[PDB]
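Written out below as structure tokens is the structure these notes cover.
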Amino acid sequence: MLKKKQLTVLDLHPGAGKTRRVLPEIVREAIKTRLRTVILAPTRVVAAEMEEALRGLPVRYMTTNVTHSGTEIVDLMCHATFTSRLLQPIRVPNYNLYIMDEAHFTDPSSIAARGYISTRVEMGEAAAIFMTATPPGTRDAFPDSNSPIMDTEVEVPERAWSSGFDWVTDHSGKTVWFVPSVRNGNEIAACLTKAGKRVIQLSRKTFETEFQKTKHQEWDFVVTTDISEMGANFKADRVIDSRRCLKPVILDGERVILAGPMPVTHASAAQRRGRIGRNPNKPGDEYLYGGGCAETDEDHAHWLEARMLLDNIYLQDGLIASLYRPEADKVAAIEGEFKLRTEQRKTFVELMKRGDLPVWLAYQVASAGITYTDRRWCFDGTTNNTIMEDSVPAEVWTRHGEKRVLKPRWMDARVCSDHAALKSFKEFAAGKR
Ligand SMILES: Nc1ncnc2c1ncn2[C@@H]1O[C@H](COP(=O)(O)OP(=O)(O)O)[C@@H](O)[C@H]1O
Ligand SMILES: [Mn+2]
């Protein structure tokens, strides 16, 4: 059963073998029946794990080993690559079958991809399989696992501590710890180091290049933000979960703020817990969690950002894809209201890719008719848009040979929320990329 007008949700529990056992079964059938197929991985790390599982099968990897093949049937790329080529003039094949792994990923690109795909199925042109243990709207934070898990609600620290949390360091196994922000992770990683622990810190931006150290290095703690929910694999016996995240929120339609950490969805909680309990020979991995879950995530900027991407993907004349139905009421918008014309869309795409700016911010710049390399907007905003570093106004040497205070016309706190984010924006403002 692969060629019909239907979207299948494959929702086996974490570790049941969606990526390693089921996926190759589908690819083999799609190859056999000559079905133009795309496989969508959330990250390059998952893409490499798919390659091990798919070795032997004719798959065209559109990901950074590629050897020429006369078989053109199954493509594999990241969610974000898929959506990006759909925004670009580059021609994306009209696949008969879409296979989305980790189809709960809530990056705006993944959300937009699911909207595009569900619209193609809804119109009779394709089939689709969404692989995820935690489909949108699940209220089960404690699904089944391969091995029994010990769940404990505790007070989870979010700052350095002197006393009160001895159970954290009095543990000899390996721990994955989900923190509410990169800054909080830094402060916690320094406390754990002080106590004689070996700590690796991961975030979404560093995940691709630094996750590999968790396999070629000795560690006691992985201190990380929510990137590791989707398909990160550690050999850990314990997960510590604050169950909270900073959330980017559009305030008064004019700016994005990072709103003070707010509980995660049951799906996120389930996915974090799902990093352990995966080995049937090891009962009693521990899931220690800091608070409750909430499904009130409509204030997250990524729902509107997904509409901004989807308004810019052509399907047929006068038709704009809707969000995947379980995600469609998360955002109030006018369909098409973010559609840019051809040259501004180009700028939008390039501000998001080489510029490395959040979708919301790239949209403000592109739709103002600013070209990609014109950085005068990073300095000409209102004084409440002044970016601080070490409690003083940040400054850069501009491409016009002047020292200017960083003061963007549109303010998005995600570009100055941590040291790495701000360094990156400072180089963008100076014209260095
Ligand atoms: N490199 C590996 N070698 C052997 N077993 C693995 C490896 N990676 C994962 N597994 C195990 O295979 C099972 C299925 O994993 P996976 O297909 O990723 O599950 P799912 O996609 O359903 O979350 C899990 O028990 C996992 O621990
Ligand atoms: Mn998987």
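In listed order, ligands and their atoms are each counted from 1. What's counted below: heavy atoms across the whole structure, side chains too, no hydrogens, waters or symmetry copies. Numbering of residues begins at 1 and proceeds along the displayed sequence.
- Using a cutoff of 4.0 Å between basic side-chain nitrogens and carboxylate oxygens, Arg198 and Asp220 are scored as salt-bridged.
- Not a single heavy atom of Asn279 sits less than 4.0 Å from an atom of ligand 1.
- Within the 3.5 Å criterion, the main-chain N or O of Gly231 finds a donor-acceptor partner in the side chain of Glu102.
- Contact check for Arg238 versus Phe221: side-chain heavy atoms found under the 4.5 Å cut-off.
- Near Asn146, with a cut-off below 4.0 Å to any heavy atom, the atoms of ligand 1 are 24 (C), 25 (O).
- A cation-pi arrangement is absent between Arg275 and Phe234 under the rule of less than 6.0 angstrom and at most 45 degrees off the ring axis.
- For atom 27 (O) of ligand 1, the nearest protein heavy atom (residue, atom name, distance) is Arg278 O, 3.7 Å.
- For ligand 1, none of its N or O atoms has an N or O atom of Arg21 under 3.5 Å away.
- Here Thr19 meets the criterion, with an N, O or S atom under 2.8 Å of the Mn ion (ligand 2).
- Between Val264 and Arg272, some side-chain heavy-atom pair lies under the 4.5 Å cut-off.
- In terms of polar-atom proximity, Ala16 is counted as a contact of ligand 1, with an N or O under 3.5 Å from an N or O of the ligand.
- In this structure, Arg28 and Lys32 have side chains that are not in contact, with every pair of non-hydrogen atoms separated by 4.5 Å or more.
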Original post:
Going through the checks in order, is the side-chain hydrogen bond (donor to acceptor under 3.5 Å, both in side chains) test met by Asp101 and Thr19?
Top reply: CA-CA 7 Å; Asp101 203 23; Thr19 304; 3.0 Å; yes
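- Taking atom 24 (C) of ligand 1 as the reference point, the nearest protein heavy-atom neighbour is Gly15 O, 3.5 Å.
- Taking distance alone, with nitrogen or oxygen atoms compared against 3.5 Å, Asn233 stays at or beyond that limit from ligand 1.
- In this comparison of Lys18, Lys215, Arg20, the heavy atom closest to atom 6 (C) of ligand 1 sits on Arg20.
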